[PDB]
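The structure file entry-v3.pdb is reproduced below (PDB, C-alpha atoms and all ligand atoms).
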ATOM      1  CA  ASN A   1       0.000   0.000   0.000  1.00  0.00           C
ATOM      2  CA  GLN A   2       2.866   2.418  -0.756  1.00  0.00           C
ATOM      3  CA  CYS A   3       4.528   3.817  -3.873  1.00  0.00           C
ATOM      4  CA  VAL A   4       7.445   1.367  -3.970  1.00  0.00           C
ATOM      5  CA  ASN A   5      10.009   0.178  -6.530  1.00  0.00           C
ATOM      6  CA  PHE A   6       9.986  -3.609  -6.745  1.00  0.00           C
ATOM      7  CA  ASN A   7      12.758  -5.775  -8.212  1.00  0.00           C
ATOM      8  CA  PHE A   8      11.223  -9.185  -8.927  1.00  0.00           C
ATOM      9  CA  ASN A   9      14.173  -9.841 -11.279  1.00  0.00           C
ATOM     10  CA  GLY A  10      12.818  -6.806 -13.142  1.00  0.00           C
ATOM     11  CA  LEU A  11      12.595  -3.146 -12.206  1.00  0.00           C
ATOM     12  CA  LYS A  12       9.368  -1.108 -12.038  1.00  0.00           C
ATOM     13  CA  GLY A  13       8.061   1.379  -9.495  1.00  0.00           C
ATOM     14  CA  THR A  14       4.358   1.230  -8.524  1.00  0.00           C
ATOM     15  CA  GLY A  15       2.141   0.288  -5.572  1.00  0.00           C
ATOM     16  CA  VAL A  16       1.609  -3.191  -4.081  1.00  0.00           C
ATOM     17  CA  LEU A  17      -1.088  -5.139  -2.136  1.00  0.00           C
ATOM     18  CA  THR A  18      -2.668  -8.623  -2.071  1.00  0.00           C
ATOM     19  CA  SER A  19      -3.972 -10.392  -5.189  1.00  0.00           C
ATOM     20  CA  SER A  20      -6.336 -13.302  -5.766  1.00  0.00           C
ATOM     21  CA  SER A  21      -4.399 -14.302  -8.927  1.00  0.00           C
ATOM     22  CA  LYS A  22      -6.459 -17.138 -10.383  1.00  0.00           C
ATOM     23  CA  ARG A  23      -4.573 -17.293 -13.704  1.00  0.00           C
ATOM     24  CA  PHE A  24      -1.168 -18.693 -12.736  1.00  0.00           C
ATOM     25  CA  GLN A  25      -0.326 -21.852 -14.687  1.00  0.00           C
ATOM     26  CA  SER A  26       2.887 -23.450 -15.980  1.00  0.00           C
ATOM     27  CA  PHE A  27       5.611 -22.023 -13.659  1.00  0.00           C
ATOM     28  CA  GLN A  28       4.601 -18.384 -14.086  1.00  0.00           C
ATOM     29  CA  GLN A  29       6.099 -15.314 -12.401  1.00  0.00           C
ATOM     30  CA  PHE A  30       4.445 -12.129 -13.727  1.00  0.00           C
ATOM     31  CA  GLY A  31       0.828 -11.901 -14.855  1.00  0.00           C
ATOM     32  CA  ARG A  32       0.993  -9.403 -17.725  1.00  0.00           C
ATOM     33  CA  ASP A  33      -2.038  -8.326 -19.761  1.00  0.00           C
ATOM     34  CA  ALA A  34      -2.829  -6.526 -23.013  1.00  0.00           C
ATOM     35  CA  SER A  35      -0.542  -3.586 -23.917  1.00  0.00           C
ATOM     36  CA  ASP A  36       2.158  -5.283 -21.762  1.00  0.00           C
ATOM     37  CA  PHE A  37       1.236  -3.587 -18.479  1.00  0.00           C
ATOM     38  CA  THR A  38       2.592  -5.420 -15.449  1.00  0.00           C
ATOM     39  CA  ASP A  39       0.299  -6.749 -12.728  1.00  0.00           C
ATOM     40  CA  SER A  40       0.045  -9.860 -10.529  1.00  0.00           C
ATOM     41  CA  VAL A  41       3.645 -10.893  -9.814  1.00  0.00           C
ATOM     42  CA  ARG A  42       4.582 -13.580  -7.293  1.00  0.00           C
ATOM     43  CA  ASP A  43       7.362 -13.845  -4.733  1.00  0.00           C
ATOM     44  CA  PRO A  44      10.228 -15.826  -6.330  1.00  0.00           C
ATOM     45  CA  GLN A  45      10.594 -18.211  -3.365  1.00  0.00           C
ATOM     46  CA  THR A  46       7.099 -18.317  -1.817  1.00  0.00           C
ATOM     47  CA  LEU A  47       3.784 -18.783  -3.656  1.00  0.00           C
ATOM     48  CA  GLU A  48       1.997 -15.571  -2.629  1.00  0.00           C
ATOM     49  CA  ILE A  49       1.084 -13.251  -5.512  1.00  0.00           C
ATOM     50  CA  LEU A  50       0.770  -9.467  -5.137  1.00  0.00           C
TER      51      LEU A  50
ATOM     52  CA  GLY M   1       5.328 -35.009 -42.581  1.00  0.00           C
ATOM     53  CA  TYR M   2       7.534 -32.016 -43.302  1.00  0.00           C
ATOM     54  CA  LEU M   3       7.316 -28.428 -42.084  1.00  0.00           C
ATOM     55  CA  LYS M   4       7.190 -25.389 -44.367  1.00  0.00           C
ATOM     56  CA  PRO M   5       7.740 -21.650 -43.808  1.00  0.00           C
ATOM     57  CA  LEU M   6       4.166 -20.412 -43.396  1.00  0.00           C
ATOM     58  CA  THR M   7       2.147 -17.759 -41.584  1.00  0.00           C
ATOM     59  CA  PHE M   8      -0.273 -18.974 -38.913  1.00  0.00           C
ATOM     60  CA  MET M   9      -2.895 -17.353 -36.701  1.00  0.00           C
ATOM     61  CA  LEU M  10      -3.070 -18.676 -33.144  1.00  0.00           C
ATOM     62  CA  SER M  11      -5.613 -18.270 -30.354  1.00  0.00           C
ATOM     63  CA  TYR M  12      -5.259 -18.545 -26.579  1.00  0.00           C
ATOM     64  CA  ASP M  13      -7.991 -19.345 -24.063  1.00  0.00           C
ATOM     65  CA  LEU M  14      -8.575 -18.219 -20.467  1.00  0.00           C
ATOM     66  CA  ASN M  15      -6.169 -20.907 -19.188  1.00  0.00           C
ATOM     67  CA  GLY M  16      -3.354 -19.890 -21.547  1.00  0.00           C
ATOM     68  CA  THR M  17      -3.615 -22.911 -23.869  1.00  0.00           C
ATOM     69  CA  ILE M  18      -3.819 -22.924 -27.664  1.00  0.00           C
ATOM     70  CA  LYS M  19      -7.318 -23.949 -28.757  1.00  0.00           C
ATOM     71  CA  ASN M  20      -7.627 -22.946 -32.429  1.00  0.00           C
ATOM     72  CA  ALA M  21      -5.437 -22.177 -35.429  1.00  0.00           C
ATOM     73  CA  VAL M  22      -5.783 -21.026 -39.040  1.00  0.00           C
ATOM     74  CA  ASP M  23      -3.357 -21.660 -41.911  1.00  0.00           C
ATOM     75  CA  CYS M  24      -3.598 -18.472 -43.980  1.00  0.00           C
ATOM     76  CA  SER M  25      -2.309 -20.074 -47.209  1.00  0.00           C
ATOM     77  CA  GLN M  26      -4.916 -22.842 -47.517  1.00  0.00           C
ATOM     78  CA  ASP M  27      -8.082 -21.309 -48.998  1.00  0.00           C
ATOM     79  CA  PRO M  28      -9.456 -17.794 -49.732  1.00  0.00           C
ATOM     80  CA  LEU M  29     -11.645 -18.026 -46.614  1.00  0.00           C
ATOM     81  CA  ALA M  30      -8.552 -18.600 -44.460  1.00  0.00           C
ATOM     82  CA  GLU M  31      -6.851 -15.673 -46.208  1.00  0.00           C
ATOM     83  CA  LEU M  32      -9.880 -13.518 -45.374  1.00  0.00           C
ATOM     84  CA  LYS M  33      -9.792 -14.704 -41.749  1.00  0.00           C
ATOM     85  CA  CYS M  34      -6.075 -13.909 -41.454  1.00  0.00           C
ATOM     86  CA  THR M  35      -6.480 -10.494 -43.117  1.00  0.00           C
ATOM     87  CA  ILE M  36      -9.099  -9.178 -40.668  1.00  0.00           C
ATOM     88  CA  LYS M  37      -7.644 -11.193 -37.730  1.00  0.00           C
ATOM     89  CA  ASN M  38     -10.873 -12.828 -36.579  1.00  0.00           C
ATOM     90  CA  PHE M  39     -12.346 -16.326 -36.574  1.00  0.00           C
ATOM     91  CA  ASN M  40     -15.849 -15.030 -37.405  1.00  0.00           C
ATOM     92  CA  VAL M  41     -16.596 -13.154 -40.637  1.00  0.00           C
ATOM     93  CA  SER M  42     -19.737 -11.122 -41.277  1.00  0.00           C
ATOM     94  CA  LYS M  43     -21.491 -10.796 -44.626  1.00  0.00           C
ATOM     95  CA  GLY M  44     -19.796  -8.510 -47.124  1.00  0.00           C
ATOM     96  CA  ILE M  45     -16.926  -8.133 -49.573  1.00  0.00           C
ATOM     97  CA  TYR M  46     -13.381  -7.552 -48.325  1.00  0.00           C
ATOM     98  CA  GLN M  47      -9.931  -6.979 -49.790  1.00  0.00           C
ATOM     99  CA  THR M  48      -7.305  -9.521 -48.752  1.00  0.00           C
ATOM    100  CA  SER M  49      -3.518  -9.487 -48.508  1.00  0.00           C
ATOM    101  CA  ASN M  50      -1.317 -11.948 -50.383  1.00  0.00           C
TER     102      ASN M  50
HETATM  103  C1  LIG J 101      13.705 -19.322   0.992  1.00  0.00           C
HETATM  104  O1  LIG J 101      14.558 -19.077   2.093  1.00  0.00           O
HETATM  105  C2  LIG J 101      14.032 -18.120   3.000  1.00  0.00           C
HETATM  106  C3  LIG J 101      15.107 -17.740   3.994  1.00  0.00           C
HETATM  107  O2  LIG J 101      16.214 -17.204   3.309  1.00  0.00           O
HETATM  108  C4  LIG J 101      12.751 -18.677   3.644  1.00  0.00           C
HETATM  109  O3  LIG J 101      12.086 -17.702   4.415  1.00  0.00           O
HETATM  110  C5  LIG J 101      11.780 -19.142   2.558  1.00  0.00           C
HETATM  111  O4  LIG J 101      10.686 -19.834   3.096  1.00  0.00           O
HETATM  112  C6  LIG J 101      12.496 -20.067   1.575  1.00  0.00           C
HETATM  113  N1  LIG J 101      11.621 -20.582   0.555  1.00  0.00           N
HETATM  114  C7  LIG J 101      11.571 -21.889   0.235  1.00  0.00           C
HETATM  115  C8  LIG J 101      10.599 -22.261  -0.856  1.00  0.00           C
HETATM  116  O5  LIG J 101      12.264 -22.735   0.781  1.00  0.00           O
HETATM  117  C1  LIG J 102      -9.395 -23.929 -17.156  1.00  0.00           C
HETATM  118  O1  LIG J 102      -8.746 -24.650 -16.130  1.00  0.00           O
HETATM  119  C2  LIG J 102      -9.564 -25.023 -15.035  1.00  0.00           C
HETATM  120  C3  LIG J 102      -8.693 -25.619 -13.953  1.00  0.00           C
HETATM  121  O2  LIG J 102      -9.494 -26.008 -12.862  1.00  0.00           O
HETATM  122  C4  LIG J 102     -10.657 -25.972 -15.532  1.00  0.00           C
HETATM  123  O3  LIG J 102     -11.559 -26.315 -14.506  1.00  0.00           O
HETATM  124  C5  LIG J 102     -11.454 -25.274 -16.627  1.00  0.00           C
HETATM  125  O4  LIG J 102     -12.408 -26.126 -17.204  1.00  0.00           O
HETATM  126  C6  LIG J 102     -10.533 -24.780 -17.742  1.00  0.00           C
HETATM  127  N1  LIG J 102     -11.282 -24.043 -18.724  1.00  0.00           N
HETATM  128  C7  LIG J 102     -11.528 -24.479 -19.972  1.00  0.00           C
HETATM  129  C8  LIG J 102     -12.336 -23.540 -20.832  1.00  0.00           C
HETATM  130  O5  LIG J 102     -11.134 -25.554 -20.398  1.00  0.00           O
HETATM  131  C1  LIG J 103     -17.597 -18.007 -34.444  1.00  0.00           C
HETATM  132  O1  LIG J 103     -17.326 -19.265 -35.039  1.00  0.00           O
HETATM  133  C2  LIG J 103     -17.279 -20.330 -34.074  1.00  0.00           C
HETATM  134  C3  LIG J 103     -16.850 -21.576 -34.805  1.00  0.00           C
HETATM  135  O2  LIG J 103     -17.831 -21.959 -35.763  1.00  0.00           O
HETATM  136  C4  LIG J 103     -18.663 -20.454 -33.454  1.00  0.00           C
HETATM  137  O3  LIG J 103     -18.680 -21.572 -32.573  1.00  0.00           O
HETATM  138  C5  LIG J 103     -18.964 -19.186 -32.673  1.00  0.00           C
HETATM  139  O4  LIG J 103     -20.279 -19.224 -32.139  1.00  0.00           O
HETATM  140  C6  LIG J 103     -18.839 -17.949 -33.554  1.00  0.00           C
HETATM  141  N1  LIG J 103     -18.784 -16.768 -32.724  1.00  0.00           N
HETATM  142  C7  LIG J 103     -19.601 -15.733 -32.907  1.00  0.00           C
HETATM  143  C8  LIG J 103     -19.302 -14.510 -32.096  1.00  0.00           C
HETATM  144  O5  LIG J 103     -20.535 -15.780 -33.698  1.00  0.00           O
END
So that I can check it, write out the structure of this file as structure tokens.
Amino acid sequence: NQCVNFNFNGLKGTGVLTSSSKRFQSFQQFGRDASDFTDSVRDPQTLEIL
Amino acid sequence: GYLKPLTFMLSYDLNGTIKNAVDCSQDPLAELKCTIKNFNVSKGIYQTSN
């Protein structure tokens, strides 16, 4: 819930909070969408997705 | 069978799996589908790419 800069092996600075993240299949890390905007990334060691 | 250099149109479902495909070099209907980039074509007359 703050304007942060995350480095989940890639750099981008936005805000963060908890995601449902239904669409995570086949060893996925970042849940991109149309126009390549980044949302729904997961912790690289745990399974929780923000 | 042997592979050839061709142009294909691919579709992805809600789970991220390929469910349909169109070979654009088969018939004029497939060429029309690949020109407008849709699996459903309405009634009319359209110009197609080679
Ligand atoms: C990765 O190691 C950290 C401690 O460095 C631990 O908290 C975390 O649970 C570990 N993850 C796995 C999947 O073992
Ligand atoms: C997508 O995957 C889920 C996994 O539980 C499955 O239940 C569902 O039927 C799949 N959707 C389609 C359209 O196949
Ligand atoms: C488009 O074509 C598919 C395949 O025949 C058909 O099942 C579907 O209902 C059609 N979609 C629309 C929007 O008409």
Grab the CA of residue 6 in chain M to atom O1 of ligand LIG 103 (chain J) distance for me, in Å with one decimal place.
23.1 Å
Each residue of chain A with at least one atom at most 9 Å from ligand LIG 101 (chain J) should appear once, together with its nearest atom pair and the corresponding distance in Å (one decimal); atoms considered: all atoms listed in the file; ordering: chain, then increasing residue number; output as a tab-separated table.
residue	atom	partner	partner_atom	distance
A:44	CA	J:LIG101	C8	8.5
A:45	CA	J:LIG101	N1	4.7
A:46	CA	J:LIG101	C8	5.4
A:47	CA	J:LIG101	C8	8.1
File dump, residues just selected, C-alpha atoms, as a tab-separated table (two decimals), in the coordinates of the input:
chain	number	residue	atom	x	y	z
A	44	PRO	CA	10.23	-15.83	-6.33
A	45	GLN	CA	10.59	-18.21	-3.36
A	46	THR	CA	7.10	-18.32	-1.82
A	47	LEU	CA	3.78	-18.78	-3.66
Using all atoms listed in the file, I'd like every residue of chain M that has an atom within 12 Å of chain A; please write them out as an MDAnalysis selection string.
chainID M and resid 13:17
Could you give me the axis-aligned bounding box of ligand LIG 102 (chain J), with 4 Å of padding per side, as centre plus edge lengths in Å to one decimal, as JSON?
{"center_x": -10.6, "center_y": -24.9, "center_z": -16.8, "size_x": 11.7, "size_y": 10.8, "size_z": 16.0}
List the residues matched by the PyMOL selection byres (((chain M and resi 35) around 9) and not hetatm) in the displayed structure as a ChimeraX atom specification, ordered by chain and then by residue number.
/M:24,30-34,36-38,47-49
Can you check which parts of chain M lie within 10 Å of ligand LIG 103 (chain J)? Per residue, the shortest pair of atoms and distance in Å to one decimal, counting all atoms listed in the file, sorted by chain and number, as JSON lines.
{"residue": "M:20", "atom": "CA", "partner": "J:LIG103", "partner_atom": "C3", "distance": 9.6}
{"residue": "M:38", "atom": "CA", "partner": "J:LIG103", "partner_atom": "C1", "distance": 8.8}
{"residue": "M:39", "atom": "CA", "partner": "J:LIG103", "partner_atom": "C1", "distance": 5.9}
{"residue": "M:40", "atom": "CA", "partner": "J:LIG103", "partner_atom": "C1", "distance": 4.5}
{"residue": "M:41", "atom": "CA", "partner": "J:LIG103", "partner_atom": "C1", "distance": 7.9}
{"residue": "M:42", "atom": "CA", "partner": "J:LIG103", "partner_atom": "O5", "distance": 8.9}
